[PDB]
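*Asks:* This one's a deposited entry, sequence included:
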Amino acid sequence: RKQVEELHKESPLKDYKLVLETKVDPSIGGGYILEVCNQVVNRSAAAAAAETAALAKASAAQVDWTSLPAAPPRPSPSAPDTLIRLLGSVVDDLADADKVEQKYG
Amino acid sequence: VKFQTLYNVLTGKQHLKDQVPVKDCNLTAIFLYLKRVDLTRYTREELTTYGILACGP
Amino acid sequence: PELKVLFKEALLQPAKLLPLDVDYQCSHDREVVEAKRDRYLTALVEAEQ
Amino acid sequence: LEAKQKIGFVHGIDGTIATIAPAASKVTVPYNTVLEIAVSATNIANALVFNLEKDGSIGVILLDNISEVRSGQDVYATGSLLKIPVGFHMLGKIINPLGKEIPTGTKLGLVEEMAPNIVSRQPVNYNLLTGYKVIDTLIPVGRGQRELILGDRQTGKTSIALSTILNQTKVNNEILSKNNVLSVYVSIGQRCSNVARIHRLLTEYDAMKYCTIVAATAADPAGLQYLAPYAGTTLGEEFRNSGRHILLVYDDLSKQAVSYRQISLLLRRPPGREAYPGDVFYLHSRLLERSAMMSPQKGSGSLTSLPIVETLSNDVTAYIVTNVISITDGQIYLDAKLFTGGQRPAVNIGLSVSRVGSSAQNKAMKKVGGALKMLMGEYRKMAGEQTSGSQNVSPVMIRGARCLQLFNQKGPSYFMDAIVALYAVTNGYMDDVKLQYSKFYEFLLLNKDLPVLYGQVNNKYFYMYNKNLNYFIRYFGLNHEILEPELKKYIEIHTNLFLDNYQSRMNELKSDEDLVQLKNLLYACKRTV
Amino acid sequence: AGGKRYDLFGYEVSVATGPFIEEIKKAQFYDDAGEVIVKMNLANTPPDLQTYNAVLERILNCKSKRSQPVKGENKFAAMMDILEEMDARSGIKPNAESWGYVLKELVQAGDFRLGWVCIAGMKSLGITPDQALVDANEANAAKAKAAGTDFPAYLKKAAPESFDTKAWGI
Ligand SMILES: Nc1ncnc2c1ncn2[C@@H]1O[C@H](COP(=O)(O)OP(=O)(O)OP(=O)(O)O)[C@@H](O)[C@H]1O
Ligand SMILES: [Mg+2]
């Protein structure tokens, strides 16, 4: 009742008399559904339990255990001049092979 | 639910994205078959080159 | 003669030259890093010889 | 605490649309606002108001969980417009136009907003490098610009926009994050597999950090295909207002017009020309006038738009096409007669223009594009002639044809790597080579520095290997005292070494094996360069 | 206490720029500095030369663009993009200090050729470099000369004598 007439106060109209009707749901085993001044508030087991269950369902869908988590981002190589002076023409081939191994191996 | 996924990966019933291979470090970072995973920890190149596995498990 | 000294120094410490910390963070599996390291040594050996 | 307000019950449903029956009389619904339909005790079907009637009934566009809709379901009202989440957290995602993410393997922004008024936007000053020489030289695209992409089916409409998205990446990793241009790819009514391949392409070249994709596939409801491009521009709102840059790619807008037709006709709006309701011009107008280069008062932000419109039998007389040419600044007309005739991208320059011009493109590109316009205007008058004066050919007939070879690409071209290939043409260094070797030349000019190889290194700095001269070229220009002479003393050596060592060997080939080998090489050069 | 500035639409414009320059100097990663330009410009305070040079300082002296690393970072290209935003877009023009910040980076980056471009461009604009940087540019040049690092190695190797789509690398 308290929630009912308080919702009736929150409406733009309150001067109109209020008539209350109570009915039975086989779908709802806990809680109530109340409509006043074309404003409905649903606090039911079918709705509340599914609302809390939806969080679990969404969280389960988000995760991908099968997948591998992404590694930290890698910066540019910036190879030193001493490396390059030792191996002039080879570092390009070795970087290409490194990409190949990072993908396949 | 995840422990179930782990068990399915160990049995080999499920596969990984971009054909990722199963390894202990791999698995650890995601999170008889177990002994094979223990072998998988050790470097493959080291084992083959040094013939460590040739003697036996 | 400088180049010879540089080749010797590189052969003594090949891993020091490369960034070890960066590579470890970057590579998911240590094995990949190891293989990369193994190739560089053979390159230097074939170069000096 | 939070009591949902109901307005009526579902009266009828026709596929994607519905008709509401209001519960009470004093209840009043707004227009364009979102409604909710309690398809179940758990889930909700979003919607939108498209009509209101003297009977109080409401013509409704549905957007989610249509199959779960019935007649008699309780209908609620938010009393707010359709909004979506917005922010930098959305970059790197595919997203339903309702903001829902599409898996693979706080803030809210209005979907329909007024456009930047006539004081709140700066003229076009800065460029948008689409990566293609015709579009960077002769059809200069800028920022805060909206340029259509016309073409018959399977001509390269999608690929020009994707290549723009892929060209911007290298720069954005170098420049600050204020001058980087992000991207949005909107797929209206497309096939879900095309979207997957686009995602994987961008992910290969790492262009997905700076791209989101608004997917409204063919199986999706027509209302969702209708409000997709608005979702894209709604994301562009924040990057305007956050002073950043952003690019829009509206894949087929014709498919966004079929959806509006479907909605309006099923809601018993009167048809019009080609069965459209009539106000489909205002639709794309609302969508496209939101593009602008914003005033410095508003952050000097921008959003470029590359709308795409499919064409049938190369006509520009259809309703929606004219409605969009009217709106957009320029247009990139892609002719199947040229796509089929060999050249790719099949840009037809006679029908493709840009209503901004030099002001968009670069100081270094102004002086080359102004030369190519003259050269192509002169070549346009002569190139119909089967070349009779083989040695008496005009220089224009030479330079123009080599430039057409250079226009042939597959992917985007770096700015430094584009001009230096066009400068040689306009100044005639590439006149002794033949047409068929115009790209192998370019390949060596850009990826195999000959004078560095053959020892002819007198240039102090100017070489194409460094790739950081782009910024000096961009700032100083090529027609500058410090860069002009070194440029010539790179290209003349490239030409002489080519003409002597490579060209000479090429013309000496007679066998079929070797000539077929050399054949396929030049096609590869036409693709990669 | 200065000549009042105006936008292209003749509207009066703010000049109180100091409070924003301090946020640049207090920065630690040189992408936030650009964002300070943005939040400054939204407030009807357009950047001045002093602000852009503060940003070039913060660029040159910062370690990375963002907190995490980024592939394709080029400390030079950001600095040389600000100068395009300066000359062309905004109408402001750089000074000796600006190009000084620019040349210091090419010394740090070891790229000795782009330096000489900057050396020539300065004097074509009347600017004169500091010989401390010119000599370091020539030092990097001499080192790379004697060492064979005058060019990369992949350019100094012979090309395929036979035409083949694979040999050329395409
Ligand atoms: N510049 C180019 N070089 C090589 N191939 C190209 C080029 N442009 C387009 N193509 C090819 O043309 C085909 C279609 O391109 P695109 O996907 O852009 O077509 P479209 O304009 O979207 O037509 P539709 O929308 O009907 O698919 C693809 O095979 C694509 O690789
Ligand atoms: Mg397409």
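*Replies:* Ah, there it is. Numbers count the residues shown, from 1 in each chain, chains lettered A, B, ... in the order given. Ligands and ions are numbered 1, 2, ... in the order given.
*Asks:* Could you use CA atoms for every contact and neighbour count after this?
*Replies:* Will do.
*Asks:* All the helices of chain C, in order from the start?
*Replies:* Remark: helices assigned in chain C by DSSP state H are C:2-12, C:14-17, C:20-26, C:30-48.
*Asks:* same deal with chain A?
*Replies:* Under DSSP H, chain A gives helices at A:2-10, A:45-62, A:81-86, A:91-103.
*Asks:* Quick check, the residue in chain B closest to chain E?
*Replies:* residue B:29 (20.4 Å; CA to the nearest CA).
*Asks:* one step back: could the helices of chain C go into JSON lines alongside mean neighbour count and distance to chain A?
*Replies:* Formatted as JSON lines, these follow (neighbours: other CA atoms under 10 Å in any protein chain shown; distance: least, CA to the nearest CA, whole Å):
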{"stretch": "helix C:2-12", "mean neighbour count": "13", "distance to chain A": "7"}
{"stretch": "helix C:14-17", "mean neighbour count": "14", "distance to chain A": "7"}
{"stretch": "helix C:20-26", "mean neighbour count": "13", "distance to chain A": "6"}
{"stretch": "helix C:30-48", "mean neighbour count": "14", "distance to chain A": "7"}
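*Asks:* Can you tell me which of those is nearest to chain E?
*Replies:* helix C:2-12 (9.3 Å).
*Asks:* Residue D:186 should be in a strand, yeah?
*Replies:* Yes: counting by DSSP: H, G, I helix; E, B strand; the rest coil, residue D:186 falls inside a strand.
*Asks:* Test my guess that it contacts residue D:224.
*Replies:* No: applying CA atoms under 8 Å, one finds residue D:186 not in contact with residue D:224, separated by 11.6 Å.
*Asks:* list residues touching both of these two?
*Replies:* Here residue D:186 and residue D:224 have residue D:216 as joint contacts, going by CA atoms under 8 Å, 6 or more residues apart in numbering or on different chains.
*Asks:* circling back to that earlier point, for chain D, find the nearest of the helices of chain C.
*Replies:* helix C:20-26 (17.1 Å).
*Asks:* Which strands or helices does that closest one pack on?
*Replies:* Counting contacts by 3 or more CA pairs under 8 Å, 6 or more residues apart in numbering or on different chains; DSSP states H and E, helix C:20-26 packs against helix C:30-48.
*Asks:* Is the helix it packs on positioned near chain B?
*Replies:* Yes: for helix C:30-48, a contact with chain B is found by CA under 8 Å from any CA of the partner chain, at C:31, C:35.
*Asks:* Give me the angle between that helix and helix C:2-12.
*Replies:* If you take axes from the mean of the first three to the mean of the last three CA atoms, to 10 degrees, helix C:30-48 sits at 150 degrees to helix C:2-12.
*Asks:* Find the nearest non-adjacent residue to residue D:138, please.
*Replies:* The shortest distance from residue D:138 to any non-neighbouring residue, by CA to CA, 6 or more residues apart in numbering or on different chains, is to residue D:369 (5.8 Å).
*Asks:* Excluding its own residues, what touches the helix or strand hosting that neighbour? List them.
*Replies:* Element membership for residue D:369 (DSSP states H and E) is helix D:363-382. With CA under 8 Å, 6+ apart as the test, helix D:363-382 has contacts from D:136-138, D:358, D:396-397, D:399-400, D:419, D:422-423, D:426, D:473-479.
*Asks:* out of these, which are buried?
*Replies:* Taking 16 or more other CA atoms under 10 Å in any protein chain shown as the criterion, what is buried in the contacts of helix D:363-382 is D:136-138, D:358, D:396-397, D:399-400, D:419, D:422-423, D:426, D:473-478.
*Asks:* so is the nearest residue to residue D:518 once chain neighbours are set aside in a helix, a strand, or just coil?
*Replies:* Counting by CA to CA, 6+ apart, residue D:518 lies nearest to residue E:163, which is 5.9 Å off, once chain neighbours are set aside. At residue E:163 the chain is in coil, as set by three-state DSSP.
*Asks:* Just give me the neighbour total for residue E:163.
*Replies:* 20 (other CA atoms under 10 Å in any protein chain shown).
*Asks:* give me every residue that touches it.
*Replies:* D:514, D:517, D:518, D:521 are the contacts of residue E:163 under CA under 8 Å, 6+ apart.
*Asks:* Next one: it from residue D:449, what distance?
*Replies:* Plainly put, residue E:163 is 17 Å away from residue D:449 if you go by CA to CA, to the nearest Å.
*Asks:* Spatially central residue for chain C, please.
*Replies:* Central residue of chain C (CA atoms, centre = their mean): residue C:14, 3.6 Å from the mean position.
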